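**Q** Please find the sequence and an experimentally derived structure below.
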Amino acid sequence: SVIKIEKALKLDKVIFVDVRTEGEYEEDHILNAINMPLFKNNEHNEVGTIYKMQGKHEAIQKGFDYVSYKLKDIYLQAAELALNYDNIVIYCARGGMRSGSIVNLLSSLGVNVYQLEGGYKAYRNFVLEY
């Protein structure tokens, strides 16, 4: 269910899906990744602030407010990728709840997906490894 970047980059017929905002994906993303953003740029900032000021419980609620309607499309996009790629690796900034929730849900619906351990940060550290 979780995979390390060193192994993910070696998978046959692999596609990386970045669930960060369009803002973050545009700045830098994993080579050949597609963007399936969970949050719009503004939604992301509000969820982050809520998390800081109120905690996780309230941040999750706000997340549902912004993503519950997007979830069928996420399934449909993943189901389509699955016709074309043998391996689907989902990643967020640091490998927490954004990618974890999507991966767990998709997997319970029978779509074979993995979460990238450590998110985009793990990829950056892999590329820049001395």
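**A** Noted; the coordinates are in hand. Numbering: from 1, shown residues only.

**Q** what ranges do the helices span in the chain?
**A** Assignment of helices within the chain using DSSP state H yields the ranges 5-8, 22-27, 41-54, 56-67, 71-84, 97-108, 119-127.

**Q** Direction-wise, compare the last one with helix 97-108 and give the angle.
**A** This means helix 119-127. Following axes from the mean of the first three to the mean of the last three C-alpha atoms, to 10 degrees, one obtains 100 degrees for the angle between helix 119-127 and helix 97-108.

**Q** Over to the third one?
**A** Here helix 41-54 points in a direction 110 degrees away from that of helix 97-108 (the same axes, to 10 degrees).

**Q** right, and the helices of the chain - which one's nearest residue 90?
**A** Residue 90 sits nearest to helix 97-108 of all those, at 4.8 Å, using C-beta to C-beta. Bear in mind the C-beta positions are built from the backbone N, C-alpha and C, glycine included.

**Q** Reformat the helices of the chain as TSV; add mean neighbour count and distance to residue 91.
**A** Formatted as TSV, the helices of the chain follow (neighbours: other C-beta atoms under 10 Å; distance: least, C-beta to C-beta, whole Å):
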stretch	mean neighbour count	distance to residue 91
helix 5-8	17	9
helix 22-27	14	10
helix 41-54	14	15
helix 56-67	14	17
helix 71-84	13	14
helix 97-108	19	5
helix 119-127	17	5
